[PDB]
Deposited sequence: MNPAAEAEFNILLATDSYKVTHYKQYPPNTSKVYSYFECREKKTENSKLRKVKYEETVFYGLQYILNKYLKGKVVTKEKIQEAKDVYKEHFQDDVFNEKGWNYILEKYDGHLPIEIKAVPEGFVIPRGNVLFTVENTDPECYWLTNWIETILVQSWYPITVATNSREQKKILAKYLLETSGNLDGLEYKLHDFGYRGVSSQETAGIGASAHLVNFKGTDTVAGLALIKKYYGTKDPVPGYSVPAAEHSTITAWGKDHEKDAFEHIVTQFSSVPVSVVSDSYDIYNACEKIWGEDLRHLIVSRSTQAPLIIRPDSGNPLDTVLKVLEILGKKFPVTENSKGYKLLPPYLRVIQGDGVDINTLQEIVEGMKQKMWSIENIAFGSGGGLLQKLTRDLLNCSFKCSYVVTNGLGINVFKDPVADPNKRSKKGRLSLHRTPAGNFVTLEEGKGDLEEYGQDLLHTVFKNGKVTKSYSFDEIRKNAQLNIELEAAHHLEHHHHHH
């Protein structure tokens, strides 16, 4: 079973002896710091998952306290574990956490440098607990960063899909998650795939569906979708001389639905020009608009291969010109680039496609490691800092202001998030939120004393993160 006591940074365990004596309240906040792709606005998503799966309900037990005491005794070569303080949470509160967490609604799109959630203890005996859970709470940068980075790529696709097409049809299916293999672990797969689906509807990371359903929920039958697709083993199993028989068997097996067939096993160009183009050309034309053939290259320079694949297919299938003057394949043929795609190369591909007058209706993208694994806590400066302590009945605003780095500066005091008269967001410090000059605090209590007090559906989160 998961044990919360063994779920914190090792140095934190000794923290209780280090705060000022008679400290009754430790108050901390989480933000995505401004740094002086831009990544100016970040999507808040994923806190609920950590609340339900790791903090809600009874999370302290006699067993868990004894397991922890014995680990830290060897780990530290000394008895420094705060047994008495953990036991207190067990006896007085039936092992529920005396903590309050207020957060922006999940799905809200917030400019950098703003407070998105705050943590404090509700019992003065548990001043040490606020930051005890900072490590677990700080892990939300991953869901935040995936969904923010996912959504920035959605912006890019929209811009060019509108520039070359005149509409946004299918936008939500244009970036497909191919990252299940790439992620550090099964749990990360689920979280990461969940954050992508805040913005899109296509994934092959089946773990993401289970996570949404268990912790968020949706009125829809499933949060995400996919189609049959081939992989190198299925294609290469027939042997190199029978690449055409595999293609034929696979399009025949899935004729009523879209099918993605990777065509780079031996020679991408040969498959496109001769096998798809001439030998199996009759099969492609027959397919309905609803179930088209998606030719997938998986090798070479990502932009250059996309372009040359499109030129060959244009020289082999009836290509038309849409309203904006960009060339468009027939509806039974599409292309998916799923190799070497991240936010940067995605920009180069679409910009390349536009200047050679190919419309974005033709293409879709797959991203794996570039979508769910090549991201760091550093990207958005997600950080968790103490802004307010109460010691001996006196509240004082606490912050860090390193001389070397201006940016690592932390907000001071009790904080709140407000909507401005112009319609933007401002974070107020030093309890200024109490005055309510700009209206009510947008932070809502989502956790208190071991109970999840406000929850959002994945369907709300999707609507809050919609592009303007």
Exercise. Could you list, start to end, the deposited-sequence stretches with no C-alpha atoms?
Worked result: 1-7, 44-51, 484-499
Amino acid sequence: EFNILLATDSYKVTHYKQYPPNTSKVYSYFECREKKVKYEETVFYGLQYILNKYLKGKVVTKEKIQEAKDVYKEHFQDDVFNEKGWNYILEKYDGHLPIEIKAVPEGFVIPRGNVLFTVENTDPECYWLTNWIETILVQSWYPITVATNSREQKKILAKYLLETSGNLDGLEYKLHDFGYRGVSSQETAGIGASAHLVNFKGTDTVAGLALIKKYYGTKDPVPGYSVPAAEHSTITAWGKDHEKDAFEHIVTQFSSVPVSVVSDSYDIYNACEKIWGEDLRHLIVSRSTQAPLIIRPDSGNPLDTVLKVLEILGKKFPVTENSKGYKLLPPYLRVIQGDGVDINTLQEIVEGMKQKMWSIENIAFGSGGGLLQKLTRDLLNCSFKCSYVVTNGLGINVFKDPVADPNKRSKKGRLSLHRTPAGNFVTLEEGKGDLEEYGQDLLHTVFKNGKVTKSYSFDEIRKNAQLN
From here on, numbers count along this sequence of modelled residues.
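Superpose the two forms; the largest set of C-alphas matching within 1.5 Å is the rigid core.
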Seminar exercise, completed: Superposing the other structures by the rigid core, the farther-displaced stretch by RMS over CA atoms in 7 other deposited structures of this protein, of 410-418 and 435-443, is 435-443
Exercise. Among the other PDB entries compared that flank it on both sides, is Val37 unmodelled in a third or more?
Worked result: yes
For this session: Taking the mean of the C-alpha B-factors per stretch from the entry, tell me the winner out of 252-260 and 192-200.
Result: 252-260
Problem set entry | Between the two ranges 108-116 and 279-287, the one averaging a larger CA B factor in the entry | 279-287
Exercise. According to the deposited entry, which of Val183, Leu129, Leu293, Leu375 has the largest Cα B-factor?
Worked result: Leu293
Seminar exercise, completed: One of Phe81, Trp238, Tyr215, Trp141 has the largest Cα B-factor in the entry, namely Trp238
Seminar exercise, completed: The third of the chain into which the C-alpha temperature factor of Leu313 falls is the highest
Exercise. Would the CA B-factor of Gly57 place it in the lowest, middle or highest third of its chain?
Worked result: highest
For this session: Would you mind ranking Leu467 by its C-alpha B-factor against the rest of the chain and naming the third, lowest, middle or highest?
Result: highest
Problem set entry | Chain-relative CA temperature factor third for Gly423 | highest
Exercise. Which third of the chain does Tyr438 land in by C-alpha B-factor: lowest, middle or highest?
Worked result: highest
